[PDB]
Amino acid sequence: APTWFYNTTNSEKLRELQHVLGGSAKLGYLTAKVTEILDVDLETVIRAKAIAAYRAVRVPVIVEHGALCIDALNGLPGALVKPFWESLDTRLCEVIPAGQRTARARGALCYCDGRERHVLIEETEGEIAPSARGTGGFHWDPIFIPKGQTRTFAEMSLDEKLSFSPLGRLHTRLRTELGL
Amino acid sequence: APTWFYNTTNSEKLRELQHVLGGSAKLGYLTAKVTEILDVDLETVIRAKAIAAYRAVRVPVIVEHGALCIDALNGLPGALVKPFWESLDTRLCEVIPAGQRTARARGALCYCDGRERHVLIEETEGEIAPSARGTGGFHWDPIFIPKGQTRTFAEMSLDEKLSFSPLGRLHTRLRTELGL
Amino acid sequence: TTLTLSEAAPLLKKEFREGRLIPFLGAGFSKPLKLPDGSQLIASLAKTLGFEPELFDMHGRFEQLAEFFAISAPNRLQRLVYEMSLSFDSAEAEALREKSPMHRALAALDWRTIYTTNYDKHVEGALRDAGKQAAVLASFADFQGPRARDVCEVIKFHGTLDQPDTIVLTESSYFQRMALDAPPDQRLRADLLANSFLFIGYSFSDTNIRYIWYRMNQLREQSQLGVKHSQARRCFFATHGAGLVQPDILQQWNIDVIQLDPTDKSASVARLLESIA
Amino acid sequence: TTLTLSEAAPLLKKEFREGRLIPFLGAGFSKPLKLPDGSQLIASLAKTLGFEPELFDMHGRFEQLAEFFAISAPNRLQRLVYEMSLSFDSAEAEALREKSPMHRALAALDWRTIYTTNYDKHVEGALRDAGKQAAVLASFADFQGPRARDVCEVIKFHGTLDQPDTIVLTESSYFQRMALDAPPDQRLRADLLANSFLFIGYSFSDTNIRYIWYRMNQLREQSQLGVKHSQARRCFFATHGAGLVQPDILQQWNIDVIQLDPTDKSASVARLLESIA
Amino acid sequence: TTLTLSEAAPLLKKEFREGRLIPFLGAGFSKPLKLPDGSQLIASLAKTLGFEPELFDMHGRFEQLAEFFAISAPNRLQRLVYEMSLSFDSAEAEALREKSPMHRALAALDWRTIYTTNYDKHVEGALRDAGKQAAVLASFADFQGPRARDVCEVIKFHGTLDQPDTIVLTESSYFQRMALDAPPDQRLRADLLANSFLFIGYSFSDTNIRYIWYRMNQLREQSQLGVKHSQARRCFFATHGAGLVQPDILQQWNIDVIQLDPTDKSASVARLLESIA
Amino acid sequence: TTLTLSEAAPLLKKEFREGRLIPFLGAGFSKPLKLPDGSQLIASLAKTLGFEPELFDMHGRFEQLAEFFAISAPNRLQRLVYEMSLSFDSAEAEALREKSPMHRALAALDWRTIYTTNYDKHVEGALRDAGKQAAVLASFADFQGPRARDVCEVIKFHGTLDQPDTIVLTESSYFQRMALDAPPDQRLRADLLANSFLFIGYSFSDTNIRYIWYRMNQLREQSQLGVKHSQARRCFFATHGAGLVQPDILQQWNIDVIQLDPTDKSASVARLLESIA
Ligand SMILES: O=c1nc[nH]c2c1ncn2[C@H]1C[C@H](O)[C@@H](COP(=O)(O)OP(=O)(O)OP(=O)(O)O)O1
Ligand SMILES: O=c1nc[nH]c2c1ncn2[C@H]1C[C@H](O)[C@@H](COP(=O)(O)OP(=O)(O)OP(=O)(O)O)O1
Ligand SMILES: NC(=O)c1cccnc1
Ligand SMILES: NC(=O)c1cccnc1
Ligand SMILES: NC(=O)c1cccnc1
Ligand SMILES: NC(=O)c1cccnc1
Ligand SMILES: [Zn+2]
Ligand SMILES: [Zn+2]
C-alpha cells in the first residue's frame, strides 16, 4: 500500500509524474478538486493548496501548482496562469510586445503529511514564442521556448520536455526527500 | 445599534459608501481581512467572499468585490483586478492595443445574514484611457473613461464619480432591499 | 504505530474463533449503498429550513444543527424519519446490497452480536440475504421479546427507523444517552467487559461512544493490573483516513488502528472481512 | 427574538436587588488583558509539538488536541501550567487590569458568588483592586477551608493555576467532569436551582456546561409546571456574535440572549455592568 | 591557607582543558537577578503565616520553617511554587540576565555538565542567550528522555519550578534525599568519582551535599592511597565570605577555598570564569 | 494542642503498666548536676582554641565546631574525653545525684530499657543508688557480653566516657551514624516499632534522631492504615520551652508535647515521673 498520494485533477499532469515516479510502489494517486487562493506568488498559492487538499483526502498528500511569470507583464500571470490560458488561448502570444518576450516557467511541489508543509520549487528561464507551434503536451506548451533551445515544450517528446521543464528536476528532489 | 455591517479593509471604499449610505443608523462598519478564491467570474468570487467574511465576524455582513473585464484581454482580469494594478500600474494602458480599448467596469455587493447570500451586480461600459490622467479617487481610476464621458473616474469628484460608477446604482438597491 | 491488513489478520482470527470478536458498524459501512453520511443529512436539513448548506454548517456541530431542525416547527422530526425511511430502506438500496462485497463478506461469518449506529435495515438485511436470520434489538420491548435460540443479535445502538422513538439524532437525545441507562447502553458496557470490538466504517465523533471507552479504563486503571496484563485485550479500528491526533488518543483506551488502502474503500474492507474467515 | 441592552437592564436590576443574580465569566472576559483565548493556546501547543498551527487545528476539537499534547511526553502538562501561570498572571496583565473598564464595573457591584471558567487571577484580582476581598474556591480543601463571614466567593469552575490538579483542559478531564461529582459541579447545580445567571464573555462550547443546563430542564419538565410558571426564572447570555442556531437551542433551557454592540466589545460589556447598578 | 584568584586560575585551566571541571551553582549566583536567597524566602513565608520575620526565624532552621509552612493548610506548598515561578522566572529577571557579566562568562565556556541547587531557568537560560543549547535534567523522565548528541546537561539538583514534585524545600524532602537514591543524587556521586567541581555562589549549608562529600572520603580512605595520591584530585570553593571554621572542615574532603574580592561580588566571580578561558 | 501534666498522666500509666514505655533522656536531665549542656562545651572548646566564646559560636553549628576542634591538633579529641570524664563524673556530681529529685523519681520506677544521649554515668548511677542494678550497653562488645536475667538495660545512644571510641560529638561522627548501622541505632529502630517513648530533658536538635522518626513514618504511611489506627501509638515529649514551630513538626511523627511548668524545671520533671507510678 502507498504512503504518499499525489493529488491532481489534471490527467495530463498524471501521465507526466507517472512517467518518472511511476515505478515507485510507495506513491498513490488521488483526484480531489481544490480551490486556489487569489495571489500571484507561487509560494503562497502552493502552500495554501496543500492545506486545502489534506483537508479533503486526510492522507499524506502531494500537490502541484505552477507559474508563468512574464517580464512584459511585470510577472503576470504568476500563479494566475490557469485562467489566462482559458481566456487568452493563443492571443497570449499577441498581447506581449515583440522584442521583450522573456518569461520564467516556475513550478512547485508541496507535500503535507498532516503536520508540516514543505515546498520544492524549480524554475526554467525562457521566452514566449511569436506564435503557437507544436502538438504534444498540454496547456501553454505550444507558446513557451526554453533558453538555448529553439523548440517549444509542445514540439518535444515527454523525455525531452522533462529535460527542460521544472518537473524534471522536481522528480529527484521529491524522490530523495520522501524515499520513493 | 447597527444590524448590518459593511466589511472592507480598503479605506477608500469606506469613504465612498459612507458618502451615500453614511447617514443610515442601521449600518455598521468592520475591517476584517478575507482571502478571495482564484476565479475570473465576479459572481463566483463575491459569493465565496461573503461566506468567508461571515465566518470571520459572525454578524450580518455586506462585502464588495469588483471586476475590470477588458475586450482586448478577452475579459481579463475580471475579478483578478487586485493583482493587476499591483503589478501593472500604468503599463496597463500600454499592454492593450490602441483601437480596441473597450472594457467593462463591473462591481458587486453580496450581503449574508447567516442563512442566505444575495448578490447585487451593476456594471459600467467604458474604455481604457491612452494614458493615466487624474489625481482623485484610488486604484485604476486614472485609467477608466466611461462611455459618453471624456474624463476618467480620477478626474471627477466623488459626487460625479458615483453618477457613473457601479456603486452609485448599488446604493439604492442595497438601501431598498435592506431597509437602511 | 499502526497495524496493516496482513498484520491484523491473525489477531482477528484468534478472537473470532474464540467467539470474542464483535463488529461495530458506522455510517461509512452504508456508503456504497448511495446513502447520506452525517454531512449529506445536514445538507438536506438546510434545504428544508431555507439555509444554504455551507452557511448552515458553520453555526454548530452535527448534534446541534439537528436539534435546531427538530424545534423549528411541530412534527418536524417525525417527517425526517419518514423521509429517511423512504430513502435509506428503498428498493434500489436493497438491490445494491446483495451485490455489495462488504455486506456479503460480513454475512459469510458466523457472528453472534453486531452493533450498528446507522438507521437502516442493511446490516440485518445482509444476514437475511445469506440465508441466515437476525434479531434486531433496539428498544426495551425488543430485549424482552421472544427470539430464537442461536441467532445473531443486531443491536441498533442509535435506533431503528421502524421505531422512531429510539432514534438519537438531536443534541437532547445525545444528552439523554449520557446517563448510560438505555438498553443499548447497558448491553454495550457488558459486552465491552469481555470482548474485542472491530470498528468498521465508523469514526469516533460521538461523545457518548467515547465516554463508554473512557469509563472502561477507569475500571481498568483502578484494578491495578500490570503493564503486561492491562494491555492484553485490544479493540480494533479499521479506517482509511485516520489523522495524526486520533490514533494516539485511542491507544489510551486499548484501541488499535488498522490502516486500510484508501484508493478503493469498499474492496479494502471486504478483504479485511474475508481474512477473518 | 433577542433582548437589547436597554430592554435587559430592568430585568437584571430586579434579580440583582433580590440577590439572585450570579455572573458566569468566560475566556472573552480576559481578552482585553491580551491573553490567549481557546484558539491561541492551540497555536502555542502546535509550536511545541512541531505542527503548523493551521494543520494542527484540523485533527480534532479543542479538548482532543490538548489531550494529544499532554500525552506526547512525560511532564508535558505540568510545563503548560507553569508557562500559562507566567503569561496569564504576569505583572503587565495586572497593570492592564486596573485600567480595564469591565473589571472596574464588575467589582463595583456587591456580588456574593462569581463563577469563572478561565485560569487567571483577574476576576478575584479585580475585587482586590476595588478594596473588596474575595475567596477563591476551586478544590475540596477550599470549600472546607476557613473564609470570612460575608465575602464574595469566586468559584473557579475549571480550576486555578496555583492548584494544577484542578485544571480541566484535556479531553480526559472533561470526561471526568461528566459525572457532575466535582465540588465546583455540585455547587453550580445547587445555585442553578435558585438563581439567574449572567453569561459574560462565554460561549457555550463546553459539553459539561451544556449538560448541566440540560438536566435542569429534566427537573423542570418532570415537575409539570404550567406554560407561565416554567418560563419565569430566566438566565441571560450577553454575546456580541451569537449565530442563528445557538440562540434557539438555549431558549429550551430558559436562557435569553442579550445582543451587545460588536463594534467595541469592551465598552458594550462595561455599559451592561453599569446598568445593573 | 586559601587560594587567591591568580593562584587558582592555572589550576582551573588544566582541569577544564581535560574536560574534568564541573560547575556547581548556588543561590548566590542568582543574587544579581534580584531574587530571594534562603533568607528572603523565610521572610515571605512568615508574612503569609502571620509571623513577624524576625520572630519566625528563631523557631528553627531553614528546612524546618518550610516544613512548618507546607503543613499549615492544604495546598500551601503548591501555591508557593506558583508564586516562586512568577517572581523567579519573570520577564524582568530575564532582562537582567542577558546583561549580567557572570551569566555571560559562564555561557562563554564550553561546559558539558552543570549542577545547580536553585529553582530558576537562569543557568540554562544563560546558555540559550549565548546561542548554545542546554538540556535540563531534574526527574527520572528527563534522564530517560531524548536529548541531542553533544549538549550541556544542566542537572537541577534540587528541582525545577516546571516540575513541582521535584522541588526539595521542606525538611521531609531533605530527609527523603538522605538515601542518595534520587536520579540527581546518583548522577552526582558518579560525577564526583572522576571530576573536579567548582562551587560558585554556594555555601555548604545543605546536610545532603555535605553527606555526599563525606562518603566520597570513606571510599578515599578505605582505598589506602598515599599522602601524595589521595590529595591529588581537588575541588574548588569560590566564596567571598567564608569564615574561620568552614575552610578547615572542607580540607578533609579535598575542597580548596578560592578567596574572591568581597567589595564587588559580581565582578569577582566574572573574572574567575573569564580566567578559565 | 499540647497536653498538660494531669492530662498526660493517665496516658503514661497505661503504657507503663503494659511495659511499653521507654524513657529517652537528654542533656537537660543532667543540668541539676551542674554539668555543661551543648552550649557550655563550645564555650570550653573556644577557650582552648583561643577564640572568644561569642565569636566562635557564629562560625558553624554544634557538630561543626566540635569537628573543627578535633582536627586542630593531634590527640585533641582524646584530651576532651579525659577532661569531660573529670568534670562530668566527678565526686561532687555524684553527691548532687543522690539528693536530686528527678534521679530518685526515675529510679523508683521499674523500667526495662532506658536510652540516653549524654556522656555520664548518672542515669545508670541513679539506678545503683536505689539498690537496683543496671547494664550499660554502648558498643558491639556490650551487646554480646554477659548480663543478668531481668536487669534494666541503659542504652548509651551517643557513647560513654569509659569507651572513648563510641562518643559521637564531631560532625564526621554524626555522618557515620546516618547509615543507622551502629548497634545503638539498630536497637533503637526495633524498640520504636513496638514501644512509646518519653523524651525528658531532650530537644530534637540531632539530625540522626529526627531521621529515625522520619523513617518510621515511611513504614507507617506505606502500610496504609486508617486515620484512626495510624494515630494510636504515640510518643511523648516533655519540654518546658518548646517553641511554635517544633510541636507541629513532631505531630507528623506521632509525638505529643507535654508542657511542663517552666518556673522550676527540676520539680516539674519529678512530678511527671511520680505520676507514672
Ligand atoms: O508543466 C506544465 N506544462 C504544461 N502546462 C502546465 C504545466 N503546469 C501547469 N500547466 C497548466 C495546466 C493548467 O491549465 C495550469 C495550472 O493550473 P492547475 O490549477 O495546476 O491545474 P488543475 O486545477 O486543472 O489541476 P490540479 O488539480 O492539479 O491543480 O497551467
Ligand atoms: O470602484 C472602484 N473604483 C476605483 N478602484 C476600485 C474600485 N473597486 C475596487 N477597486 C480597486 C481596489 C482594489 O485595489 C481592487 C479590488 O480588490 P479588493 O479585494 O476588493 O480590495 P481590498 O482587498 O483591498 O479591500 P476589501 O477587503 O474590501 O476586498 O480594485
Ligand atoms: N442509515 C445510515 O446510513 C445513516 C447515515 C448517517 C447517519 N445515520 C444513519
Ligand atoms: N485564563 C484565560 O484567559 C484562559 C484562556 C483560555 C482558556 N482558559 C483560560
Ligand atoms: N531560584 C533561586 O534563585 C533560589 C534562591 C533561593 C532558594 N531557592 C531558589
Ligand atoms: N554528660 C552531659 O551532661 C553532656 C552534656 C552535653 C553533651 N553531651 C553530654
Ligand atoms: Zn487547480
Ligand atoms: Zn481583498
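Labels below follow one simple rule: chain letters A, B, ... track the order of the sequence lines, proteins then strands, and each chain is numbered from 1. Order of listing sets the numbers, starting from 1, for every ligand and every atom in it.
Using a 4.0 Å cut-off between a side-chain N of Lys or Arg and a carboxylate O of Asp or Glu, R97(F) and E94(F) qualify as a salt bridge. Ion pairing between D37(C) and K31(C) fails under the 4.0 Å rule for side-chain N and carboxylate O.
Ring pair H158(C)/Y174(C): centre-to-centre distance below 6.0 Å. Residues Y119(C) and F88(C) keep their aromatic ring centres 6.0 Å or farther apart. Two rings, from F199(C) and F204(C), have their centers less than 6.0 Å apart. You'll find the ring centres of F29(D) and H122(D) outside the 6.0 Å limit.
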Short N or O contacts of ligand 6 with protein, under 3.5 Å, listed by atom name?
{"from": "ligand 6", "atom 1": "1 (N)", "to": "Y119(F)", "atom 2": "N", "distance (Å)": "3.2"}
{"from": "ligand 6", "atom 1": "1 (N)", "to": "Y119(F)", "atom 2": "O", "distance (Å)": "3.2"}
{"from": "ligand 6", "atom 1": "1 (N)", "to": "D120(F)", "atom 2": "OD2", "distance (Å)": "3.4"}

